[PDB]
Amino acid sequence: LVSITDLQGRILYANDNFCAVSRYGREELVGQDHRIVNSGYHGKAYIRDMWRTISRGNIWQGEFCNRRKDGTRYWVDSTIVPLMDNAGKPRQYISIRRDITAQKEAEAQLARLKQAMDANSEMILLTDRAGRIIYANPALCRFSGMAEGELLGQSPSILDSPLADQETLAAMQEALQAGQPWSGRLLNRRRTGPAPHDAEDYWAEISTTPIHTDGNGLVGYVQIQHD
Ligand SMILES: Cc1cc2nc3c(=O)[nH]c(=O)nc-3n(C[C@H](O)[C@H](O)[C@H](O)COP(=O)(O)OP(=O)(O)OC[C@@H]3O[C@H](n4cnc5c(N)ncnc54)[C@H](O)[C@@H]3O)c2cc1C
Ligand SMILES: [Cl-]
């Protein structure tokens, strides 16, 4: 969260949050080069631009991936500000940072998952507790051909033809929100699709399987095959 250094980067101070998250004690920090927490993650130009900005008097802003002691990595979002003389010359440096511990890990994850899901070439969507699409894979969007953003708000029934059997569609929907396994053929419509046009219908074999998460949480995992 907060530290101050002399012009050369030697930590003069060293706040409680900084000690907390760095898992370093204030006495192991004070008098150390701020390089102590460096991680190897950043290239020298990132560091060189930082020092090139602050030493000419300007505020700097950026993220830092830092090293905790036990060698583990954290993230911080920083603003570094110079303190001046007299002769308008930087004399000390104040760094105010929030720990983005955390939101960063919770993000490199999604990217991995998202990356794996996206490569699935089965047509798949995910539904929340209310049976609204929380995710639609590229195979499905491609074949639909609706862009995922058309889709996210909705209802899988947005994929169905106006010709579809309403009583089946409803069975599916009720399975989704209950959440129970369901499957079995619905007439879908795809955009062809400038259009409007539009529009071919085709029988879809459809499976849903509920997935309970923690916190009374529910997702419906949905497969769409051409029957
Ligand atoms: C207030 C304050 C807070 C900082 N917080 C962090 C932090 O949270 N995490 C972190 O990794 N680093 C931080 N630094 C800076 C620092 O230098 C650490 O060493 C950094 O980790 C450097 O890594 P490097 O070994 O890759 O440097 P090197 O890159 O090997 O430095 C060599 C090149 O010339 C440059 N240059 C011009 N003046 C200087 C100077 N005075 N010191 C170093 N290079 C200079 C560029 O640094 C450039 O990289 C902070 C500095 C200040 C002043
Ligand atoms: Cl058939």
Side-chain angles (χ1 to χ4, degrees), residues 1-105 107-108 122-123 143 159-161 163-165 168-169 172 183-190 200-207 223-227:
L1 196 241
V2 170
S3 67
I4 291 168
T5 78
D6 56 36
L7 277 191
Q8 287 75 43
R10 207 137 291 241
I11 300 168
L12 305 171
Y13 202 48
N15 85 355
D16 302 349
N17 283 18
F18 177 36
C19 306
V21 9
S22 59
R23 308 207 284 258
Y24 269 102
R26 223 177 74 62
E27 318 198 303
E28 325 173 70
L29 281 179
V30 179
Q32 227 68 28
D33 195 304
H34 213 117
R35 186 200 312 284
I36 194 168
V37 314
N38 184 108
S39 70
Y41 181 104
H42 299 104
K44 304 270 164 296
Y46 189 69
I47 260 73
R48 177 178 325 114
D49 158 294
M50 193 291 267
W51 274 107
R52 275 224 227 117
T53 115
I54 62 161
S55 54
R56 62 161 162 243
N58 309 331
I59 307 230
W60 177 90
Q61 282 176 324
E63 286 185 338
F64 271 122
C65 181
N66 290 342
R67 221 182 100 346
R68 257 194 253 263
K69 195 202 327 295
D70 59 25
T72 80
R73 317 244 274 210
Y74 60 112
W75 283 87
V76 99
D77 187 33
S78 317
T79 48
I80 311 179
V81 173
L83 318 159
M84 270 60 172
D85 320 318
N86 341 316
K89 213 223 151 180
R91 163 193 164 271
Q92 315 190 319
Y93 288 129
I94 215 306
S95 179
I96 307 94
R97 285 165 275 161
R98 65 159 168 15
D99 191 354
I100 54 172
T101 258
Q103 148 217 314
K104 276 228 110 184
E105 194 42 19
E107 222 175 51
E122 190 171 28
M123 291 177 302
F143 188 83
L159 292 152
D160 299 327
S161 193
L163 309 154
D165 189 78
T168 304
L169 218 163
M172 168 173 168
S183 61
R185 45 150 48 191
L186 268 159
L187 230 220
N188 274 24
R189 186 169 278 168
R190 58 206 219 80
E200 270 153 51
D201 291 338
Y202 65 91
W203 287 104
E205 182 69 40
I206 301 225
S207 295
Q223 327 183 49
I224 304 148
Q225 295 107 116
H226 176 81
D227 149 303

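Side chains are part of it too, since the values below use all heavy atoms of this structure and drop only hydrogens, waters and symmetry mates. Every number for a ligand or one of its atoms is a count from 1 in the order of the listing. Heads up: numbering here begins at 1 and tracks the sequence.
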> Going through the distances and angles, do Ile224 and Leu159 end up as a side chain to side chain contact (heavy atoms under 4.5 Å, CB included)?
Replying inline: CA-CA 10 Å; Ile224 304 148; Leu159 292 152; 4.3 Å; yes
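- Of the candidates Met50, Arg10, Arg67, the one placing a heavy atom closest to atom 14 (N) of ligand 1 is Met50.
- Under 3.5 Å, the side chains of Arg97 and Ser3 contain a donor-acceptor pair of N or O atoms.
- Summary of contacts: the protein heavy atom closest to atom 2 (C) of ligand 1 is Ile80 CD1, 3.8 Å.
- Ranking protein heavy atoms by distance to atom 48 (C) of ligand 1, first place goes to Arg48 CB, 3.5 Å.
- Atom 23 (O) of ligand 1 has its closest protein heavy atom at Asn38 OD1, 2.7 Å.
- Checking only distances, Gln8 never comes within under 3.5 Å of ligand 1, N or O to N or O.
- The distance from ligand 1 to the heavy atoms of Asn66 drops below 4.0 Å at these ligand atoms: 7 (C), 8 (O), 9 (N), 10 (C), 11 (O).
- Atoms CZ and NZ, from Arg23 and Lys69 in turn, are 9.0 Å apart once rounded to the nearest 0.5 Å.
- Closest protein heavy atom to atom 24 (P) of ligand 1: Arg35 NH1, 3.5 Å.
- Scanning all heavy atoms of the two residues, the minimum distance from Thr53 to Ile59 falls at OG1-O, 3.8 Å.
- Side chains of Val30 and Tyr13 form a contact here, defined as non-hydrogen atoms less than 4.5 Å apart.
- In terms of protein heavy-atom proximity, atom 47 (O) of ligand 1 is nearest to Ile47 CG2, 3.1 Å.
- Judged by the 6.0 Å distance and 45° axis criteria, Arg73 is not positioned over the aromatic ring of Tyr41.
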> side-chain hydrogen bond (donor to acceptor under 3.5 Å, both in side chains) between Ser161 and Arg189: does it pass, once the steps are laid out?
Replying inline: CA-CA 5 Å; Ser161 193; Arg189 186 169 278 168; 3.2 Å; yes
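- Here the shortest heavy-atom distance to atom 53 (C) of ligand 1, taken over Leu7, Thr5, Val2, belongs to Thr5.
- Expressed to the nearest 0.5 Å, how far CG of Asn66 lies from CD of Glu63 amounts to 11.0 Å.
- Residue contact check for ligand 1: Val76 places no non-hydrogen atom closer than 4.0 Å to it.
- Summary of contacts: the protein heavy atom closest to atom 32 (C) of ligand 1 is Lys44 CD, 4.8 Å.
- Every atom of ligand 1 is numbered from 1 in the order shown, and the set under 4.0 Å from a heavy atom of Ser95 is 1 (C), 3 (C).
- With hydrogens left out, the protein atom closest to atom 16 (C) of ligand 1 is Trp51 NE1, 3.8 Å, a heavy atom.
- For atom 6 (C) of ligand 1, the nearest non-hydrogen atom of the protein is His34 CD2, 3.4 Å.
- Checking only distances, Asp33 never comes within under 3.5 Å of ligand 1, N or O to N or O.
- Counting protein heavy atoms under 4.0 angstrom from atom 20 (C) of ligand 1 gives one or more.
- Less than 4.0 angstrom separates some heavy atom of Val37 from each of these atoms of ligand 1: 7 (C), 8 (O), 9 (N).
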> Can you check side chain to side chain contact (heavy atoms under 4.5 Å, CB included) on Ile206 and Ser183, steps first, answer last?
Replying inline: CA-CA 5 Å; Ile206 301 225; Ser183 61; 6.0 Å; no
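- The six-membered or imidazole ring of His34 lies near that of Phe18, with a centre-to-centre distance under 6.0 Å.
- Between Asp99 and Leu1, the closest side-chain pair of non-hydrogen atoms is not below 4.5 Å.
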